[PDB]
$ cat coords_9.txt   # compact mmCIF, N, CA and C atoms and all ligand atoms
# COMPACT_ATOMS: atom_id res chain seq x y z
N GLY A 1 90.68 181.09 97.56
CA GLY A 1 91.87 181.37 96.71
C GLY A 1 92.19 180.21 95.78
N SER A 2 92.95 180.52 94.73
CA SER A 2 93.33 179.51 93.74
C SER A 2 94.62 178.80 94.12
N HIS A 3 94.70 177.53 93.70
CA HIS A 3 95.84 176.68 94.02
C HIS A 3 96.31 175.96 92.75
N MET A 4 97.56 175.50 92.75
CA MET A 4 98.11 174.74 91.64
C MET A 4 97.36 173.45 91.44
N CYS A 5 96.71 172.90 92.46
CA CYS A 5 95.95 171.66 92.26
C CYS A 5 94.64 171.88 91.53
N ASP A 6 94.18 173.12 91.40
CA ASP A 6 92.90 173.36 90.79
C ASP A 6 92.75 172.70 89.39
N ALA A 7 93.85 172.77 88.61
CA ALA A 7 93.87 172.29 87.21
C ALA A 7 93.66 170.77 87.10
N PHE A 8 93.87 170.08 88.22
CA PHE A 8 93.68 168.60 88.26
C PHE A 8 92.30 168.15 88.70
N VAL A 9 91.55 169.01 89.39
CA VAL A 9 90.27 168.58 89.98
C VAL A 9 89.31 168.18 88.87
N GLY A 10 88.55 167.12 89.10
CA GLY A 10 87.51 166.66 88.23
C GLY A 10 87.64 165.19 87.97
N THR A 11 86.88 164.78 86.95
CA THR A 11 86.75 163.40 86.58
C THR A 11 87.46 163.20 85.23
N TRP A 12 88.23 162.13 85.15
CA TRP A 12 89.08 161.84 84.05
C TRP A 12 88.93 160.38 83.61
N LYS A 13 89.17 160.13 82.33
CA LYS A 13 89.08 158.79 81.78
C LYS A 13 90.31 158.51 80.90
N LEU A 14 90.83 157.29 80.97
CA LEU A 14 92.00 156.89 80.21
C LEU A 14 91.69 156.87 78.74
N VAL A 15 92.53 157.52 77.91
CA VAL A 15 92.38 157.47 76.45
C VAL A 15 93.54 156.82 75.72
N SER A 16 94.74 156.76 76.27
CA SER A 16 95.82 156.06 75.58
C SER A 16 96.88 155.66 76.59
N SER A 17 97.69 154.68 76.21
CA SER A 17 98.71 154.11 77.07
C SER A 17 99.93 153.73 76.22
N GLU A 18 101.11 153.98 76.74
CA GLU A 18 102.41 153.65 76.12
C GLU A 18 103.32 153.02 77.16
N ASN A 19 103.79 151.78 76.87
CA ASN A 19 104.83 151.08 77.66
C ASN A 19 104.32 150.60 79.00
N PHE A 20 103.01 150.40 79.17
CA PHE A 20 102.48 149.99 80.47
C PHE A 20 102.92 148.56 80.79
N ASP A 21 102.86 147.63 79.81
CA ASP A 21 103.26 146.26 80.10
C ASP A 21 104.71 146.23 80.61
N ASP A 22 105.64 146.95 79.96
CA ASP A 22 107.03 147.06 80.43
C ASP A 22 107.08 147.56 81.86
N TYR A 23 106.29 148.61 82.16
CA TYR A 23 106.29 149.12 83.52
C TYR A 23 105.84 148.08 84.54
N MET A 24 104.75 147.38 84.22
CA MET A 24 104.27 146.34 85.10
C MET A 24 105.28 145.20 85.29
N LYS A 25 106.10 144.92 84.25
CA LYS A 25 107.11 143.90 84.40
C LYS A 25 108.16 144.36 85.38
N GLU A 26 108.45 145.65 85.39
CA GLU A 26 109.43 146.20 86.38
C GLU A 26 108.94 146.09 87.79
N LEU A 27 107.63 146.14 88.02
CA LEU A 27 107.03 145.98 89.32
C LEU A 27 106.95 144.52 89.74
N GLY A 28 107.28 143.61 88.83
CA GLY A 28 107.22 142.18 89.10
C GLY A 28 105.83 141.60 88.94
N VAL A 29 104.96 142.25 88.17
CA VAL A 29 103.59 141.80 88.00
C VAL A 29 103.62 140.61 87.01
N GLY A 30 102.88 139.59 87.37
CA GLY A 30 102.79 138.34 86.59
C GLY A 30 101.93 138.40 85.34
N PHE A 31 102.10 137.42 84.49
CA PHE A 31 101.46 137.41 83.18
C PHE A 31 99.94 137.69 83.22
N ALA A 32 99.20 137.00 84.08
CA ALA A 32 97.77 137.11 84.03
C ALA A 32 97.33 138.47 84.52
N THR A 33 97.94 138.97 85.60
CA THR A 33 97.58 140.29 86.12
C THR A 33 97.97 141.37 85.11
N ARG A 34 99.09 141.24 84.38
CA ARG A 34 99.39 142.20 83.33
C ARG A 34 98.31 142.24 82.27
N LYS A 35 97.83 141.07 81.86
CA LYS A 35 96.75 141.05 80.84
C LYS A 35 95.51 141.75 81.34
N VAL A 36 95.04 141.40 82.55
CA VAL A 36 93.82 141.97 83.09
C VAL A 36 93.95 143.45 83.36
N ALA A 37 95.04 143.85 83.98
CA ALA A 37 95.24 145.27 84.26
C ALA A 37 95.45 146.07 83.00
N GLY A 38 96.10 145.51 81.99
CA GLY A 38 96.35 146.22 80.75
C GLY A 38 95.07 146.49 79.94
N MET A 39 94.06 145.65 80.08
CA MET A 39 92.73 145.86 79.44
C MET A 39 91.90 147.00 80.04
N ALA A 40 92.19 147.35 81.30
CA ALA A 40 91.36 148.30 81.97
C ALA A 40 91.44 149.70 81.41
N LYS A 41 90.33 150.41 81.52
CA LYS A 41 90.19 151.81 81.10
C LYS A 41 89.74 152.60 82.34
N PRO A 42 90.70 152.93 83.25
CA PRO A 42 90.30 153.54 84.50
C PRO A 42 89.71 154.94 84.37
N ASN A 43 88.85 155.22 85.36
CA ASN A 43 88.39 156.58 85.59
C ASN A 43 88.95 157.07 86.92
N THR A 44 89.37 158.32 86.93
CA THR A 44 89.91 158.89 88.14
C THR A 44 89.18 160.15 88.51
N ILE A 45 88.89 160.30 89.78
CA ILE A 45 88.24 161.46 90.32
C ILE A 45 89.19 162.11 91.31
N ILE A 46 89.56 163.36 91.03
CA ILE A 46 90.45 164.12 91.85
C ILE A 46 89.64 165.25 92.47
N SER A 47 89.75 165.39 93.79
CA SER A 47 89.04 166.41 94.50
C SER A 47 89.85 166.95 95.64
N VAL A 48 89.45 168.12 96.13
CA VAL A 48 90.22 168.79 97.17
C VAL A 48 89.23 169.31 98.20
N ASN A 49 89.63 169.23 99.44
CA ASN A 49 88.86 169.77 100.57
C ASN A 49 89.91 170.30 101.55
N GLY A 50 90.00 171.63 101.60
CA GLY A 50 91.05 172.26 102.33
C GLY A 50 92.40 171.83 101.83
N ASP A 51 93.26 171.37 102.74
CA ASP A 51 94.59 170.87 102.37
C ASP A 51 94.59 169.43 101.91
N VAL A 52 93.45 168.73 102.00
CA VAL A 52 93.39 167.28 101.70
C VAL A 52 92.98 167.05 100.27
N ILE A 53 93.84 166.36 99.53
CA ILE A 53 93.56 165.94 98.17
C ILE A 53 93.12 164.48 98.19
N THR A 54 92.11 164.17 97.39
CA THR A 54 91.67 162.78 97.25
C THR A 54 91.76 162.38 95.78
N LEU A 55 92.36 161.21 95.56
CA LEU A 55 92.53 160.67 94.24
C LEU A 55 91.90 159.26 94.28
N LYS A 56 90.79 159.10 93.58
CA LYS A 56 90.00 157.88 93.57
C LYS A 56 90.03 157.33 92.18
N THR A 57 90.43 156.06 92.04
CA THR A 57 90.51 155.40 90.74
C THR A 57 89.51 154.26 90.77
N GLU A 58 88.66 154.18 89.74
CA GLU A 58 87.66 153.12 89.58
C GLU A 58 87.86 152.44 88.25
N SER A 59 87.94 151.12 88.28
CA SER A 59 88.17 150.38 87.05
C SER A 59 87.67 148.93 87.21
N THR A 60 87.64 148.28 86.06
CA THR A 60 87.40 146.84 86.00
C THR A 60 88.59 146.01 86.50
N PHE A 61 89.77 146.59 86.69
CA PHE A 61 90.84 145.83 87.33
C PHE A 61 90.70 145.93 88.84
N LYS A 62 90.99 147.10 89.40
CA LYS A 62 90.89 147.38 90.82
C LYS A 62 90.37 148.80 90.98
N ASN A 63 89.87 149.06 92.19
CA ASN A 63 89.46 150.36 92.64
C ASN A 63 90.48 150.75 93.76
N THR A 64 90.96 152.01 93.74
CA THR A 64 91.86 152.50 94.77
C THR A 64 91.38 153.89 95.16
N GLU A 65 91.78 154.33 96.36
CA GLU A 65 91.44 155.64 96.85
C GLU A 65 92.51 156.06 97.85
N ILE A 66 93.12 157.24 97.64
CA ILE A 66 94.07 157.80 98.56
C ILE A 66 93.64 159.22 98.86
N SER A 67 93.82 159.61 100.14
CA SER A 67 93.67 160.97 100.56
C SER A 67 94.99 161.38 101.25
N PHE A 68 95.44 162.61 100.98
CA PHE A 68 96.77 163.02 101.41
C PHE A 68 96.89 164.51 101.48
N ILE A 69 97.93 164.94 102.20
CA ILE A 69 98.36 166.33 102.27
C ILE A 69 99.74 166.44 101.58
N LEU A 70 99.90 167.45 100.74
CA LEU A 70 101.18 167.59 100.00
C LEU A 70 102.35 167.55 100.95
N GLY A 71 103.34 166.73 100.62
CA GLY A 71 104.59 166.66 101.35
C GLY A 71 104.56 165.71 102.53
N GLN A 72 103.39 165.15 102.90
CA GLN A 72 103.27 164.32 104.08
C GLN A 72 103.16 162.85 103.68
N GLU A 73 104.07 162.03 104.16
CA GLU A 73 104.14 160.63 103.85
C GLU A 73 102.91 159.90 104.39
N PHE A 74 102.47 158.94 103.61
CA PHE A 74 101.26 158.14 103.94
C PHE A 74 101.44 156.72 103.52
N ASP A 75 100.59 155.85 104.09
CA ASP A 75 100.54 154.45 103.64
C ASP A 75 99.56 154.29 102.49
N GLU A 76 99.98 153.52 101.49
CA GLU A 76 99.15 153.26 100.31
C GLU A 76 99.19 151.80 99.98
N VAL A 77 98.01 151.25 99.59
CA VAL A 77 97.98 149.89 99.07
C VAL A 77 97.67 150.02 97.58
N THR A 78 98.67 149.70 96.73
CA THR A 78 98.48 149.90 95.32
C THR A 78 97.49 148.90 94.71
N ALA A 79 97.13 149.14 93.47
CA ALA A 79 96.21 148.28 92.77
C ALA A 79 96.74 146.86 92.69
N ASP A 80 98.04 146.70 92.46
CA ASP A 80 98.71 145.43 92.49
C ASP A 80 99.14 144.92 93.85
N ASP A 81 98.58 145.51 94.91
CA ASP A 81 98.73 145.02 96.28
C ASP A 81 100.07 145.20 96.92
N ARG A 82 100.87 146.15 96.41
CA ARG A 82 102.05 146.55 97.14
C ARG A 82 101.66 147.43 98.31
N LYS A 83 102.34 147.24 99.43
CA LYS A 83 102.16 148.06 100.59
C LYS A 83 103.32 149.03 100.61
N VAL A 84 103.04 150.30 100.28
CA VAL A 84 104.12 151.25 99.99
C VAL A 84 104.01 152.46 100.92
N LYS A 85 105.13 153.18 101.05
CA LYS A 85 105.12 154.49 101.74
C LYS A 85 105.18 155.51 100.61
N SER A 86 104.22 156.41 100.60
CA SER A 86 104.01 157.35 99.50
C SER A 86 104.09 158.78 99.98
N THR A 87 104.64 159.63 99.11
CA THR A 87 104.56 161.04 99.34
C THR A 87 104.24 161.72 98.02
N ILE A 88 103.33 162.67 98.04
CA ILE A 88 102.93 163.44 96.87
C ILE A 88 103.23 164.92 97.15
N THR A 89 103.97 165.54 96.22
CA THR A 89 104.38 166.93 96.31
C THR A 89 104.12 167.62 95.00
N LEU A 90 104.01 168.93 95.03
CA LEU A 90 104.03 169.76 93.80
C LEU A 90 105.46 170.18 93.45
N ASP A 91 105.74 169.97 92.21
CA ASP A 91 106.99 170.50 91.63
C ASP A 91 106.51 171.43 90.50
N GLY A 92 106.45 172.74 90.78
CA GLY A 92 105.74 173.70 89.99
C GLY A 92 104.26 173.31 90.00
N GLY A 93 103.79 172.94 88.82
CA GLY A 93 102.44 172.56 88.60
C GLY A 93 102.29 171.07 88.35
N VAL A 94 103.34 170.27 88.61
CA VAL A 94 103.33 168.81 88.44
C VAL A 94 103.17 168.13 89.78
N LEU A 95 102.19 167.21 89.88
CA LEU A 95 102.11 166.39 91.08
C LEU A 95 103.05 165.23 90.96
N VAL A 96 103.96 165.12 91.90
CA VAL A 96 104.96 164.09 91.93
C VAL A 96 104.67 163.11 93.08
N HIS A 97 104.44 161.82 92.72
CA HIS A 97 103.95 160.78 93.67
C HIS A 97 105.04 159.71 93.71
N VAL A 98 105.77 159.63 94.82
CA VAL A 98 106.81 158.64 94.98
C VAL A 98 106.31 157.55 95.89
N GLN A 99 106.44 156.30 95.46
CA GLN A 99 106.10 155.09 96.23
C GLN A 99 107.35 154.30 96.56
N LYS A 100 107.55 153.99 97.84
CA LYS A 100 108.75 153.27 98.24
C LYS A 100 108.31 152.00 99.01
N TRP A 101 108.97 150.88 98.70
CA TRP A 101 108.70 149.60 99.34
C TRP A 101 109.87 148.65 99.08
N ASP A 102 110.24 147.86 100.12
CA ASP A 102 111.28 146.85 99.98
C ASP A 102 112.54 147.38 99.32
N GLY A 103 112.92 148.63 99.60
CA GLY A 103 114.15 149.16 99.01
C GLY A 103 114.08 149.64 97.55
N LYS A 104 112.85 149.59 97.01
CA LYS A 104 112.53 149.97 95.64
C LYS A 104 111.76 151.28 95.64
N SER A 105 111.65 151.90 94.46
CA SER A 105 110.94 153.15 94.31
C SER A 105 110.38 153.25 92.91
N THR A 106 109.19 153.82 92.80
CA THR A 106 108.63 154.25 91.53
C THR A 106 108.03 155.62 91.69
N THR A 107 108.09 156.43 90.63
CA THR A 107 107.58 157.78 90.64
C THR A 107 106.55 157.96 89.57
N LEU A 108 105.41 158.53 90.00
CA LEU A 108 104.32 158.83 89.16
C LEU A 108 104.11 160.32 89.08
N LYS A 109 104.22 160.89 87.87
CA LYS A 109 104.07 162.33 87.70
C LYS A 109 102.75 162.56 86.97
N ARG A 110 102.01 163.54 87.46
CA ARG A 110 100.75 163.93 86.80
C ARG A 110 100.85 165.43 86.41
N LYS A 111 100.62 165.69 85.12
CA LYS A 111 100.75 167.05 84.58
C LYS A 111 99.54 167.34 83.70
N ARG A 112 99.20 168.60 83.57
CA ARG A 112 98.22 169.07 82.60
C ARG A 112 98.94 169.44 81.32
N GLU A 113 98.44 168.93 80.20
CA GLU A 113 99.00 169.23 78.88
C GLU A 113 97.83 169.34 77.92
N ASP A 114 97.61 170.53 77.36
CA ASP A 114 96.47 170.82 76.57
C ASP A 114 95.23 170.51 77.43
N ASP A 115 94.22 169.78 76.93
CA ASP A 115 93.05 169.42 77.68
C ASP A 115 93.21 168.08 78.39
N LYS A 116 94.41 167.55 78.43
CA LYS A 116 94.67 166.25 78.98
C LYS A 116 95.32 166.36 80.37
N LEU A 117 95.23 165.23 81.08
CA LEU A 117 95.98 164.95 82.30
C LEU A 117 96.87 163.77 81.91
N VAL A 118 98.18 164.00 81.96
CA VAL A 118 99.15 162.99 81.53
C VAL A 118 99.80 162.41 82.79
N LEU A 119 99.69 161.10 82.96
CA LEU A 119 100.31 160.36 84.03
C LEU A 119 101.56 159.62 83.48
N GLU A 120 102.75 159.92 84.03
CA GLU A 120 103.99 159.24 83.67
C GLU A 120 104.38 158.36 84.85
N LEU A 121 104.61 157.09 84.60
CA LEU A 121 105.05 156.14 85.62
C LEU A 121 106.44 155.68 85.27
N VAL A 122 107.33 155.78 86.22
CA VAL A 122 108.76 155.47 85.93
C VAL A 122 109.25 154.49 86.99
N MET A 123 109.86 153.40 86.56
CA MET A 123 110.44 152.36 87.44
C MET A 123 111.79 152.02 86.77
N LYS A 124 112.94 152.22 87.41
CA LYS A 124 114.26 151.88 86.84
C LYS A 124 114.35 152.54 85.44
N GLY A 125 114.61 151.78 84.39
CA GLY A 125 114.84 152.46 83.10
C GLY A 125 113.55 152.63 82.31
N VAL A 126 112.37 152.30 82.89
CA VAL A 126 111.13 152.18 82.10
C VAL A 126 110.23 153.36 82.39
N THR A 127 109.75 154.03 81.37
CA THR A 127 108.80 155.12 81.44
C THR A 127 107.53 154.76 80.71
N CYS A 128 106.38 154.80 81.41
CA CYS A 128 105.06 154.58 80.85
C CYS A 128 104.31 155.91 80.86
N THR A 129 103.64 156.20 79.75
CA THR A 129 102.80 157.38 79.65
C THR A 129 101.33 156.95 79.47
N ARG A 130 100.46 157.54 80.30
CA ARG A 130 99.01 157.23 80.35
C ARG A 130 98.31 158.57 80.20
N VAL A 131 97.55 158.73 79.12
CA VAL A 131 96.87 160.01 78.83
C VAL A 131 95.39 159.88 79.19
N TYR A 132 94.89 160.85 79.92
CA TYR A 132 93.50 160.92 80.38
C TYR A 132 92.90 162.22 79.81
N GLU A 133 91.62 162.12 79.52
CA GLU A 133 90.78 163.25 79.13
C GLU A 133 89.63 163.40 80.09
N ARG A 134 89.02 164.58 80.05
CA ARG A 134 87.90 164.78 80.95
C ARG A 134 86.74 163.85 80.64
N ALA A 135 86.12 163.32 81.68
CA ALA A 135 85.01 162.39 81.51
C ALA A 135 83.76 163.18 81.54
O1 LIG A 201 96.45 154.18 89.09
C1 LIG A 201 96.85 153.90 87.93
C2 LIG A 201 96.44 154.53 86.72
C3 LIG A 201 96.99 154.20 85.52
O2 LIG A 201 96.57 154.79 84.40
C4 LIG A 201 98.04 153.21 85.45
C5 LIG A 201 98.35 152.54 86.58
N1 LIG A 201 97.75 152.82 87.79
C6 LIG A 201 98.15 152.08 88.97
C7 LIG A 201 98.49 150.65 88.71
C8 LIG A 201 99.78 150.18 89.09
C9 LIG A 201 100.17 148.86 88.85
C10 LIG A 201 99.25 147.98 88.23
CL1 LIG A 201 99.65 146.32 87.92
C11 LIG A 201 98.03 148.44 87.81
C12 LIG A 201 97.60 149.77 88.06
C13 LIG A 201 96.23 150.08 87.56
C14 LIG A 201 95.83 149.74 86.26
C15 LIG A 201 94.51 149.93 85.80
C16 LIG A 201 93.55 150.44 86.67
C17 LIG A 201 93.91 150.77 87.97
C18 LIG A 201 95.22 150.60 88.42
$ encode --input "coords_9.txt" --output "structure tokens" --more "lines below"
Ligand SMILES: O=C1C=C(O)CCN1Cc1ccc(Cl)cc1-c1ccccc1
Amino acid sequence: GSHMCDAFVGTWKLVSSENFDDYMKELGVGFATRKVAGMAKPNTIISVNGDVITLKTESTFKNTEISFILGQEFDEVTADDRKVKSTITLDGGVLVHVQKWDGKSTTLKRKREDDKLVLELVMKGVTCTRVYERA
């Protein structure tokens, strides 16, 4: 059967970025790591096996990999080495990824728009948009 996650499965590559440095400053990321991470052009591979979704990111900055079930909280080590409690849910056809640590929170939304996968990262008043195309 078909699922709302179907539209996300596959391999994706970063094509544009807006406000990422501001977002990283909200996370408390330092000057040198902002420079290095901001240069990266990540590729992401999204796949599904039964109820388990896997989101694997490979880049010249860091490589990350999470596997999860919608709605079930998990431990995640972010690219910038935060140790966070994460939950990913569907809100309609949008994957909503909330990361919580030290009393703080950031939300990452992934949506399909035209032939793109658009990742929005929000921390306090800062919104970053990261557009990916199929690789
Ligand atoms: O997974 C992603 C994918 C993006 O397009 C933007 C950011 N991150 C996570 C992330 C958070 C904080 C920091 Cl400092 C860096 C990243 C990042 C950047 C480039 C490659 C991989 C991860």
$ closest_residue --input "coords_9.txt" --among "A:21, A:80, A:6, A:75" --to "ligand LIG 201 (chain A)" --atoms "only N, CA and C atoms and all ligand atoms"
A:80
$ atom_distance --input "coords_9.txt" --atom1 "atom CA of residue A:117" --atom2 "atom CA of residue A:131"
6.1 Å
$ select_by_dssp --input "coords_9.txt" --residues "chain A" --states "strand (DSSP E)" --output "ChimeraX atom specification"
/A:10-18,43-49,52-58,64-69,74-77,83-91,94-101,104-113,116-123,126-134
$ atom_distance --input "coords_9.txt" --atom1 "atom CA of residue A:33" --atom2 "atom CA of residue A:123"
17.7 Å
$ residues_around --input "coords_9.txt" --residues "stretch 90-99 of chain A" --least-positions-apart "3" --cutoff "7 Å" --atoms "only N, CA and C atoms" --output "PyMOL selection string"
chain A and resi 4-5+70-71+84-87+104-112
$ residues_around --input "coords_9.txt" --residues "residue A:14" --least-positions-apart "2" --cutoff "6 Å" --atoms "only C-alpha atoms" --output "list in words"
residues 41, 42, 131 and 132 of chain A
$ residues_near_point --input "coords_9.txt" --point "(93.2, 163.0, 95.8)" --cutoff "6 Å" --atoms "all atoms listed in the file" --output "PyMOL selection string"
chain A and resi 46-47+53-56+66-68
$ residues_around --input "coords_9.txt" --residues "residue A:36" --least-positions-apart "5" --cutoff "7 Å" --atoms "all atoms listed in the file" --output "PyMOL selection string"
chain A and resi 31+60-61
$ atom_distance --input "coords_9.txt" --atom1 "atom CA of residue A:18" --atom2 "atom CA of residue A:76"
24.4 Å
$ axis_aligned_box --input "coords_9.txt" --around "ligand LIG 201 (chain A)" --padding-each-side "3 Å" --output "lines of an AutoDock Vina configuration file"
center_x = 96.9
center_y = 150.6
center_z = 86.7
size_x = 12.6
size_y = 14.5
size_z = 10.7
$ residues_near_ligand --input "coords_9.txt" --ligand "ligand LIG 201 (chain A)" --cutoff "8 Å" --atoms "all atoms listed in the file" --output "PyMOL selection string"
chain A and resi 14+16-17+20+23-25+27-30+33-34+36-44+56-64+78-81+119+121+129-132
$ select_by_dssp --input "coords_9.txt" --residues "chain A" --states "alpha helix (DSSP H)" --output "list in words"
residues 20, 21, 22, 23, 24, 25, 26, 31, 32, 33, 34, 35, 36, 37, 38 and 39 of chain A
$ residues_around --input "coords_9.txt" --residues "residue A:69" --least-positions-apart "3" --cutoff "6 Å" --atoms "only N, CA and C atoms" --output "number ranges by chain"
A: 51-53, 72, 88
$ write_last_selection --input "coords_9.txt" --atoms "N, CA and C atoms" --output "PDB file, in the frame of the given file"
ATOM      1  N   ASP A  51      93.260 171.370 102.740  1.00  0.00           N
ATOM      2  CA  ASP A  51      94.590 170.870 102.370  1.00  0.00           C
ATOM      3  C   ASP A  51      94.590 169.430 101.910  1.00  0.00           C
ATOM      4  N   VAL A  52      93.450 168.730 102.000  1.00  0.00           N
ATOM      5  CA  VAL A  52      93.390 167.280 101.700  1.00  0.00           C
ATOM      6  C   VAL A  52      92.980 167.050 100.270  1.00  0.00           C
ATOM      7  N   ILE A  53      93.840 166.360  99.530  1.00  0.00           N
ATOM      8  CA  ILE A  53      93.560 165.940  98.170  1.00  0.00           C
ATOM      9  C   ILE A  53      93.120 164.480  98.190  1.00  0.00           C
ATOM     10  N   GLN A  72     103.390 165.150 102.900  1.00  0.00           N
ATOM     11  CA  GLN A  72     103.270 164.320 104.080  1.00  0.00           C
ATOM     12  C   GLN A  72     103.160 162.850 103.680  1.00  0.00           C
ATOM     13  N   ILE A  88     103.330 162.670  98.040  1.00  0.00           N
ATOM     14  CA  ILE A  88     102.930 163.440  96.870  1.00  0.00           C
ATOM     15  C   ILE A  88     103.230 164.920  97.150  1.00  0.00           C
TER      16      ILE A  88
END
$ residues_around --input "coords_9.txt" --residues "residue A:133" --least-positions-apart "3" --cutoff "6 Å" --atoms "all atoms listed in the file" --output "compact mmCIF listing (two decimals) with N, CA and C atoms, keeping the file's coordinate frame"
# COMPACT_ATOMS: atom_id res chain seq x y z
N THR A 11 86.88 164.78 86.95
CA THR A 11 86.75 163.40 86.58
C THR A 11 87.46 163.20 85.23
N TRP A 12 88.23 162.13 85.15
CA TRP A 12 89.08 161.84 84.05
C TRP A 12 88.93 160.38 83.61
N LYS A 13 89.17 160.13 82.33
CA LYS A 13 89.08 158.79 81.78
C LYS A 13 90.31 158.51 80.90
N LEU A 14 90.83 157.29 80.97
CA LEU A 14 92.00 156.89 80.21
C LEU A 14 91.69 156.87 78.74
N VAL A 15 92.53 157.52 77.91
CA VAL A 15 92.38 157.47 76.45
C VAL A 15 93.54 156.82 75.72
N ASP A 115 94.22 169.78 76.93
CA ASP A 115 93.05 169.42 77.68
C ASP A 115 93.21 168.08 78.39
N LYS A 116 94.41 167.55 78.43
CA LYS A 116 94.67 166.25 78.98
C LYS A 116 95.32 166.36 80.37
N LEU A 117 95.23 165.23 81.08
CA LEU A 117 95.98 164.95 82.30
C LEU A 117 96.87 163.77 81.91
